[PDB]
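One structure below.
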Amino acid sequence: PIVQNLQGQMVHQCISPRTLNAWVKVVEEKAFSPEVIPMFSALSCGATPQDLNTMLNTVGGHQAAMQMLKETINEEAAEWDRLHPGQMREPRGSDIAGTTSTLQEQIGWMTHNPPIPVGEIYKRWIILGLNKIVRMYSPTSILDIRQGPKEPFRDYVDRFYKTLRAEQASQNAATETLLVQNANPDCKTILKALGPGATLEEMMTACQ
Amino acid sequence: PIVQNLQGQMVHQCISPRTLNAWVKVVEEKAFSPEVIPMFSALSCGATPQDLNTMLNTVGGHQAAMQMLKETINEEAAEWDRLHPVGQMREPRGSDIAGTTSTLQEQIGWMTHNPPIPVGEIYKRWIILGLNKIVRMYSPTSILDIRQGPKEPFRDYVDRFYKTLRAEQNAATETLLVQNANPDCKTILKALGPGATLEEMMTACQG
Amino acid sequence: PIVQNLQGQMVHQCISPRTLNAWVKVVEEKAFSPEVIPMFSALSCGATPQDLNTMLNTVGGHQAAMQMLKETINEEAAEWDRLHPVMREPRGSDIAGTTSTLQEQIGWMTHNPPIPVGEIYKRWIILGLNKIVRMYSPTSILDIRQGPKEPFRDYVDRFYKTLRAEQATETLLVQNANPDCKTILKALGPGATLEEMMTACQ
Amino acid sequence: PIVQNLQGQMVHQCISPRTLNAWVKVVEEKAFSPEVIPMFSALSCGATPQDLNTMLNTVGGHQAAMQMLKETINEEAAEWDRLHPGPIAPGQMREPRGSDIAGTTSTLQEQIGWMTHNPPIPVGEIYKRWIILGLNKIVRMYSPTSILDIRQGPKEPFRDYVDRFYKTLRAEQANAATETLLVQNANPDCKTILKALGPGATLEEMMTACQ
Amino acid sequence: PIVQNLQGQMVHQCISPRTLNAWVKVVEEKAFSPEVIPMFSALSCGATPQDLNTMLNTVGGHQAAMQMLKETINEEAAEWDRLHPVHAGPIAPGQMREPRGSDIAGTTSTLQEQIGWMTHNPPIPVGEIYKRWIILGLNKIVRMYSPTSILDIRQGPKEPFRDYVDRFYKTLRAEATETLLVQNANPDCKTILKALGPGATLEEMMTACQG
Amino acid sequence: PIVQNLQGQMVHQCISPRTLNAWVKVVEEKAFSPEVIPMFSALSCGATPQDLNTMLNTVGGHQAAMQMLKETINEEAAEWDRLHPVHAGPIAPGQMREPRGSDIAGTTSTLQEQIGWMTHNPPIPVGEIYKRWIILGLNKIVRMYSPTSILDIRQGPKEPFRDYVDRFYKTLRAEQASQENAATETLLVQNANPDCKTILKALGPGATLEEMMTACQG
Ligand SMILES: CN(C(=O)[C@H](Cc1cccnc1)NC(=O)Cn1nc(C(F)(F)F)c2c1CCCC2)c1ccccc1
Ligand SMILES: CN(C(=O)[C@H](Cc1cccnc1)NC(=O)Cn1nc(C(F)(F)F)c2c1CCCC2)c1ccccc1
Ligand SMILES: CN(C(=O)[C@H](Cc1cccnc1)NC(=O)Cn1nc(C(F)(F)F)c2c1CCCC2)c1ccccc1
Ligand SMILES: CN(C(=O)[C@H](Cc1cccnc1)NC(=O)Cn1nc(C(F)(F)F)c2c1CCCC2)c1ccccc1
Ligand SMILES: CN(C(=O)[C@H](Cc1cccnc1)NC(=O)Cn1nc(C(F)(F)F)c2c1CCCC2)c1ccccc1
Ligand SMILES: CN(C(=O)[C@H](Cc1cccnc1)NC(=O)Cn1nc(C(F)(F)F)c2c1CCCC2)c1ccccc1
């Protein structure tokens with residue numbers, strides 16, 4: 001990663017072993033749950049393209065999803081070439097992904113004046129691929145999330161928005177109407193009686 | 001977060017994996033017990049709005065509470081815009097404090113300006129308000145229904161009493177504490193008279 | 001907390017997640033054994049009143065004891081005001097961190113001469129923890145007697161473990177030994193060291 | 001490892017107990033799965049030849065693979081002695097031979113010097129390259145199955161089959177050919193649907209077309 | 001403790017949670033085995049008298065031993081007052097008041113006074129002096145906790161010679177003695193050993209009775 | 001230990017609780033396996049003689065082995081005294097007295113003296129000299145705790161060849177003090193099981209270990 005000293009200069013540092021282990025443990029314990037993407041973005045703060053490849057390469061299984069991620073990176077690299085086809089040489093799509101660029105060249109673009117943040121650009125592509133993976137690996141559709149007859153309303157809302165976050169790539173009024181439609185008859189009657197425009201706080205209080 | 005370097009300047013620093021891991025474990029273990037809010041306020045010391053969004057986004061379960069927290073954040077941002085209508089520095093909107101329409105460099109520019117506009121501390125106040133609602137929501141019992149069992153030691157009844165009172169939130173609470181004790185200890189408490197401290201009440205009912 | 005820099009400067013730092021977790025685990029594992037108090041004193045080294053409230057607020061259970069601690073703080077704060085009647089000097093609530101900002105707390109601790117509001121508050125907290133440790137001690141020192149088949153060292157272990165939670169004592173130790181060892185202790189004479197008393201009744 | 005102090009100078013540092021325990025646990029828990037190589041290169045970031053020998057020596061199991069690694073290291077050392085075959089000028093350093101890069105006949109002070117020289121000589125990065133070439137061979141040999149024998153079971157979800165496919169492919173390569181193999185060894189049910197999608201299908205499309 | 005900063009000055013530092021938990025854990029797991037004394041000495045590196053009292057006060061249980069240690073500290077503090085009597089009168093400018101035994105033990109001295117002695121030029125190491133008093137008391141605790149003396153250990157006729165030497169030097173650490181190990185062996189190994197006779201290294205002894 | 005300050009100054013640091021606990025655990029879990037020795041050397045990087053004595057003194061059990069290590073240290077110290085006798089007289093200003101064997105072992109030298117030696121210009125590395133003496137004694141311990149001879153490592157009738165080679169070079173490493181021959185690989189072929197030994201002989205002489213293990217993968 002590229003960080004700055006206690007004095008105040010941008011320097012390259014080796015990826016910490018604690019960061020490497022934290023990322024491996026997240027994939028092993030959470031698979032591709034939606035919260036894996038914000039964890040990846042945080043653990044790769046200031047990462048070079050080389051660091052991002054290191055993090056992706058330490059992932060054990062899930063190689064079908066990883067190949068899909070590599071294909072997404074290939075698409076974004078080709079689109080970058082179409083949008084960008086004494087003067088400094090500017091990076092190609094393969095330079096941002098780190099397949100045709102050295103660490104020295106990556107540091108050059110990132111600490112140039114003005115800078116080309118090849119690390120941030122690459123991270124954008126990776127997060128795009130990770131979003132496509134989370135959506136596909138979502139077990140259930142949001143339309144199949146229905147409150148059981150003996151399931152508390154709070155536990156039902158937990159499954160609802162957990163599913164919604166995986167399908168929307170963590171990114172409305174149709175959601176609220178679906179949450180009410182798929183509540184059990186007793187709770188739905190109460191929710192209907194609350195009048196439109198009720199907050200989630202008022203809905204969960206009314207169905208306690 | 002924004003920390004201090006060895007030149008007196010406030011510099012930006014990546015959020016550490018130990019801080020991220022600590023906050024995730026706190027939610028997994030304590031759920032929304034009252035002590036989760038001082039833990040969040042301390043782990044987010046010096047956090048930017050981006051760092052605050054990172055911490056909330058790494059919470060996997062309890063998405064009903066996190067959605068409730070997002071609605072609280074939206075309500076506080078709209079109220080901020082109402083109280084702040086449109087070489088002068090541009091001031092942040094509610095969506096800038098929440099980090100939805102502001103870049104990291106803009107957030108750093110506000111927090112390190114002279115004088116500073118602490119968008120990180122303002123956002124943290126909106127989050128803590130939402131967490132207060134969640135903790136009160138997850139409180140399994142109202143304070144009025146906390147009653148000492150006929151065989152329950154007085155110390156264990158007081159533990160439940162003040163844990164509940166803290167989750168919901170004084171002469172009214174002392175009245176309720178003595179009123180809801182079992183008949184045995186209740187007569188020993190009323191026999192003490194007014195001005196009895198909790199230490200005195202727990203000693204008189206230790207048997 | 002306010003700590004020495006690497007460049008010889010007293011600066012304010014965020015409280016460590018390591019330190020917070022250590023204080024939480026101590027209360028969970030040890031409840032209110034006597035050794036909780038020296039652990040709290042070391043973990044709050046250099047702490048502001050804000051940091052001290054943060055530590056106390058992370059305690060999840062034992063809210064009966066924490067309420068007792070809260071009432072002890074209020075009695076110490078009210079006594080501070082009576083002993084300091086009206087450079088603005090801090091009131092009792094300023095030391096307790098209820099009416100003072102972090103910037104005012106730093107303004108007192110790093111003044112020349114300093115008003116150590118963090119050290120004063122920690123003293124009030126430790127006085128409150130002393131009362132909790134005493135109240136949560138199961139047995140009085142007078143009820144500690146040596147069993148007929150209990151080795152002397154095991155009886156001394158329980159005697160001073162109880163005495164630490166409570167707080168002469170030498171008289172009680174010999175008086176409450178079993179009739180056998182009690183004879184050998186008085187046979188050695190007065191002013192015998194504990195080592196000499198434990199080797200005689202081994 | 002050779003890091004940099006605040007005075008912009010490259011200083012030598014002791015290997016952390018964290019990095020040591022990490023590399024040991026990596027080999028103990030993951031054996032020689034393909035992800036161990038990038039974990040070694042990252043844990044050996046900025047390492048001297050001595051640091052690399054220390055990490056390899058803390059591995060106590062799999063001594064058969066470690067001996068193979070030694071044999072690969074000796075081959076690459078003899079190669080270097082050929083493509084890079086005496087009074088040393090003041091301020092300069094001796095030319096490194098293959099045994100010097102591997103740390104057998106070199107000293108830490110010489111290693112620090114080469115890696116800090118104003119004309120830099122990265123003996124550690126050259127040694128790491130030789131080690132990774134050897135680890136590539138170990139990963140290939142420890143692959144229990146060949147790519148040509150990866151076949152989708154009758155009730156095996158396509159997702160699990162592609163997982164085993166590309167895990168094997170990554171261990172052997174330590175491309176239409178792989179795709180044609182992927183569609184061929186899919187169970188007859190999925191194979192038909194995949195042939196129907198036509199050519200030039202993305203893995204994302206083939207997987208949602210075989211859920 | 002007292003550590004050196006980036007300006008070559010000895011400054012005070014808060015005792016770390018890792019240091020506290022480590023000392024508590026070694027007492028919980030090892031009681032007062034002889035190895036707890038070098039562990040105490042290493043974990044108390046740079047400690048002030050205040051730090052040493054914190055470490056002793058966090059010890060749970062074993063309060064009879066802690067009481068003996070407390071009495072040993074009082075004896076050494078009284079001996080210090082006898083050998084270093086404090087002189088009355090005003091204290092020279094830029095100088096520290098002379099520490100008595102209670103100052104070294106940390107009962108009557110402030111933290112600022114302890115730092116003043118430990119960082120003075122020349123320094124009065126009240127932390128090192130106090131730690132010697134503590135280690136002396138811990139040695140007396142290790143002895144009273146030792147179950148068996150170095151004489152009441154003998155090699156079982158079926159016990160291997162290595163296992164016997166393990167119990168030998170273990171009980172010796174708790175309590176020219178290498179001339180008794182041969183004597184208190186089993187009749188078999190003894191014979192073989194005496195055949196080697198003099199100048200016998202322990203390595204030679206264990207080799208002679210390997211089977 | 002003695003490390004480089006961020007300001008480029010060789011200064012003394014206390015040994016860390018992380019390092020102290022790591023060494024104790026290694027001996028508790030791995031005993032005296034060959035990989036313990038490089039772990040000791042890595043955890044004692046930059047250590048003074050006082051630190052090295054601390055690490056050895058915190059070891060629980062194995063006191064027969066630790067006594068043998070102690071005697072090995074005495075032999076190396078006596079050899080140091082015979083090769084570097086201390087010249088009598090006063091020590092020149094700004095100089096350190098000449099260390100004897102007991103000073104390198106940290107028995108008759110203070111921490112301040114050890115620091116003066118290790119940071120002198122040029123330095124006398126009393127920590128590195130002592131660590132060599134410790135690794136020598138640790139080599140004898142590794143061989144003692146590993147009694148199985150390499151001549152007695154034979155592949156089981158149904159044992160996979162890879163597991164047999166694992167045991168072979170693990171045993172060889174313990175006997176050789178991790179010091180790196182045809183006779184090694186020929187013994188490996190000689191003591192394989194009939195099925196594998198045939199294939200190995202069918203490969204021809206002078207095969208590499210990679211070729212041998214690939215041939216017996218079945
Ligand atoms: C920029 N920003 C974010 O990043 C937020 C941060 C955040 C705030 C509160 C709770 N938790 C996370 N993150 C999310 O809103 C992710 N998220 N997305 C969904 C989905 F819509 F997909 F269902 C859900 C969730 C979360 C739990 C409900 C379902 C943000 C910040 C302030 C207001 C608005 C947005
Ligand atoms: C600013 N300050 C705080 O932050 C304190 C710090 C503190 C002090 C003692 C024990 N533990 C925490 N924290 C609290 O008083 C939280 N608290 N709140 C309740 C409630 F009444 F709501 F139920 C309870 C509790 C906790 C003990 C049971 C009931 C504070 C400081 C000194 C005096 C007054 C306030
Ligand atoms: C300032 N100082 C302290 O802090 C000491 C440090 C210490 C010393 C030895 C063992 N362990 C802790 N700590 C204590 O004396 C706590 N203590 N208190 C009791 C009590 F009598 F109250 F029951 C007991 C104990 C502990 C052993 C059983 C009975 C101190 C230092 C040197 C001499 C005098 C005081
Ligand atoms: C330089 N670079 C790398 O280092 C990448 C980084 C990466 C990217 C996406 C997912 N995971 C890791 N790593 C790999 O491509 C390893 N890899 N190799 C294979 C194999 F070809 F052997 F089958 C497979 C895999 C992994 C997924 C199954 C099959 C790289 C970066 C961007 C595009 C292209 C290459
Ligand atoms: C200053 N120095 C020490 O500190 C040594 C360090 C050390 C060296 C080798 C093994 N382990 C520890 N430590 C000891 O010699 C403690 N020791 N004491 C005994 C006893 F005789 F009491 F039983 C034994 C032991 C150790 C295991 C056998 C029986 C020291 C250093 C070099 C040579 C001489 C002394
Ligand atoms: C200086 N250097 C070393 O330090 C090496 C480093 C290393 C390299 C690869 C794998 N693992 C460790 N270490 C060893 O060769 C220890 N070693 N010794 C043996 C023995 F022959 F004794 F059986 C074995 C082993 C290891 C596993 C097989 C049997 C070294 C470096 C490059 C080439 C030559 C030597």
Side-chain angles (χ1 to χ4, degrees), chain A residues 34-35 38 147 151-165 170 175 179 183 187 191 194 198-208, chain B residues 20 22-44 47 49 51-79 94 97-99 121-143 145-146 160 162-169, chain C residues 20 24 54 57-61 63:
Chain A
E35 70 264 22
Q147 180 186 13
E151 182 186 11
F153 185 65
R154 161 146 86 243
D155 302 336
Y156 157 64
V157 184
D158 269 338
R159 299 190 297 106
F160 185 91
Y161 280 101
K162 175 185 183 60
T163 301
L164 182 61
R165 194 180 166 185
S170 298
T175 62
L179 182 70
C187 145
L191 293 181
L194 293 175
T199 81
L200 177 59
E201 193 194 15
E202 295 169 338
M203 294 193 291
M204 294 173 62
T205 304
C207 308
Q208 68 188 312
Chain B
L20 289 163
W23 166 243
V24 169
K25 294 288 128 57
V26 164
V27 182
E28 292 179 352
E29 297 169 339
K30 301 310 201 71
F32 293 102
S33 201
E35 66 271 11
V36 77
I37 302 183
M39 272 297 303
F40 173 80
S41 178
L43 291 173
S44 68
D51 296 315
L52 291 171
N53 285 333
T54 293
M55 304 182 66
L56 301 182
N57 273 323
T58 56
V59 179
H62 312 281
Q63 291 301 279
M66 304 306 293
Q67 176 65 26
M68 218 160 61
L69 177 57
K70 195 206 300 206
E71 294 190 15
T72 298
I73 291 176
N74 287 336
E75 293 173 351
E76 298 304 315
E79 176 73 358
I97 300 176
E121 293 299 309
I122 296 173
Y123 194 17
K124 188 193 302 184
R125 222 146 50 207
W126 302 351
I127 300 180
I128 290 177
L129 262 180
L131 295 179
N132 283 332
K133 297 189 179 190
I134 299 172
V135 170
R136 182 188 59 191
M137 189 90 31
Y138 275 50
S139 187
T141 304
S142 178
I143 184 62
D145 291 325
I146 299 298
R160 298 191 298 107
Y162 281 111
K163 171 158 194 147
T164 296
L165 180 63
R166 191 177 167 188
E168 284 198 23
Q169 303 173 354
Chain C
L20 269 189
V24 170
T54 295
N57 279 326
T58 60
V59 174
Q63 293 294 276

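Heavy-atom basis, side chains included; hydrogens, waters and symmetry copies ignored. Chain letters run A, B, ... following the sequence lines, proteins first and then strands; every chain starts at 1.
- Looking at heavy atoms from C-beta onward, B/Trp23 lies in side-chain contact with B/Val36 at the 4.5 angstrom threshold.
- Residues A/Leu200 and B/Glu71 come closest through the heavy atom pair N-OE1, 3.2 Å.
- A distance of 5.0 Å separates CZ in B/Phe40 from CG in B/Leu52, rounded to the nearest 0.5 Å.
- We find the CG-CD1 distance between B/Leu165 and B/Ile146 to be 10.0 Å, quoted to the nearest 0.5 Å.
- The CG atom of B/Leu56 lies 4.5 Å from the CD1 atom of B/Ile127; values are rounded to the nearest 0.5 Å.
- The heavy-atom pair separating B/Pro38 from C/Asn57 by the smallest distance is CG-O, 3.5 Å.
- In plain terms, the two heavy atoms of A/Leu179 and A/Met203 that are nearest each other are CD2-CE, 4.0 Å.
- The structure places OG1 of A/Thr175 at 4.5 Å from OH of A/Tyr161, a figure rounded to the nearest 0.5 Å.
- Here the closest non-hydrogen pair linking B/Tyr123 and B/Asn53 is OH-OD1, 2.8 Å.
- With sequence neighbours excluded, the residues forming a salt bridge (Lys or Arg N to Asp or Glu O under 4.0 Å) with B/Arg160 are B/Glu152, listed by chain and number.
- At least one donor-acceptor pair under 3.5 Å links the side chain of A/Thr199 to the backbone N or O of A/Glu202.
- Under a 3.5 Å cut-off, the side chain of B/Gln63 and the backbone N or O of B/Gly61 do form a donor-acceptor pair.
- For the pair B/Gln169 and B/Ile143, the minimum side-chain heavy-atom distance is 4.5 Å or more.
- Here the closest heavy-atom approach between residue B/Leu129 and residue B/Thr72 is recorded as C-CG2, 4.4 Å.
- Looking at every heavy atom in both residues, B/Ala64 comes nearest to A/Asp158 through N-OD1, 2.9 Å.
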Show me the donor-acceptor pairs, under 3.5 Å and distance only, between side chains in residues 132-140 of chain B and residues at least two apart or in other chains.
unit_1   : atom_1 : unit_2   : atom_2 : d
B/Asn132 : ND2    : B/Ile128 : O      : 3.4
B/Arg136 : NH2    : A/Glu201 : OE2    : 3.1
B/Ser139 : OG     : B/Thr141 : O      : 3.4

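- Judged as a side chain to side chain donor-acceptor pair (under 3.5 Å), and not counting sequence neighbours, the contacts of B/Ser33 are B/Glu35, B/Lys163.
- Distance check, rounded to the nearest 0.5 Å: OG of B/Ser44 to CE of B/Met39 gives 10.0 Å.
- Classified by interplanar angle (parallel below 30°, tilted 30° to 60°, perpendicular above 60°), the ring pair A/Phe153/A/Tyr156 is tilted.
- With rounding to the nearest 0.5 angstrom, the CD1 atom of B/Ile73 is 10.0 Å from the CD atom of B/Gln67.
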